[PDB]
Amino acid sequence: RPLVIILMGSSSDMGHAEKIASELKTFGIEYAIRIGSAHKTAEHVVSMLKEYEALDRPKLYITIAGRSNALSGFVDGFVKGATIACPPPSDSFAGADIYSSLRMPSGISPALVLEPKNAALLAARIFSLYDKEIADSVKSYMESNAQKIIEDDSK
């Protein structure tokens, strides 16, 4: 039932998108990967979002755009359910592209998460408030992350 739409601004973001998709798969969550720019292909992004919004199933969008991230806010303002911003990494200007993801106007509320695997985790825990299968799979994952540390310690 759940769907995550992973929407990136450029094919050059694919490496980052696929890290998120891989991790969604570990949690049993269906995803779609799509490409569309809020600067260059604005009407194509709008028509694509109308198709997804029309589907009667619980959904999240994870929005990926490097440089000045117009995409996350654009998507977030169009759709009605929650969204997650997960920009690809950059060291340009000491990582200052990050501000274009953080500094939203009033009424625009994408969830910002830096790491791709953490973005996928957040999606899974959003669904888990009402989805017992996903909830069970997040529980197993997080406990295993905690076990690794305790096991590393005892060694």
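Residue indices: 1-based, along the sequence shown.
**Student:** Output the stretch having the higher mean C-alpha B factor in the entry; the candidates are 90-98 and 117-125.
**Tutor:** The stretch with the larger average C-alpha B-factor is 117-125.
**Student:** Which has higher Cα B-factors on average according to the PDB entry: 137-145 or 5-13?
**Tutor:** Averaged over C-alpha atoms, the B-factors run higher in 137-145.
**Student:** When the CA B-factors of 106, 68, 37, 47 are compared as recorded in the entry, which is the largest?
**Tutor:** Across 106, 68, 37, 47, the entry lists the biggest C-alpha B-factor for 47.
**Student:** Is the Cα B-factor recorded for residue 41 in the lowest, middle or highest third of its chain?
**Tutor:** Middle third by C-alpha B-factor.
**Student:** Ranked by Cα temperature factor within the chain, is residue 62 in the lowest third, the middle third or the highest third?
**Tutor:** Lowest third, going by the recorded CA B-factors of the chain.
**Student:** Sort the modelled residues of this chain by their C-alpha B factor and say whether residue 111 lands in the lowest, middle or highest third.
**Tutor:** It falls in the bottom third of the chain.
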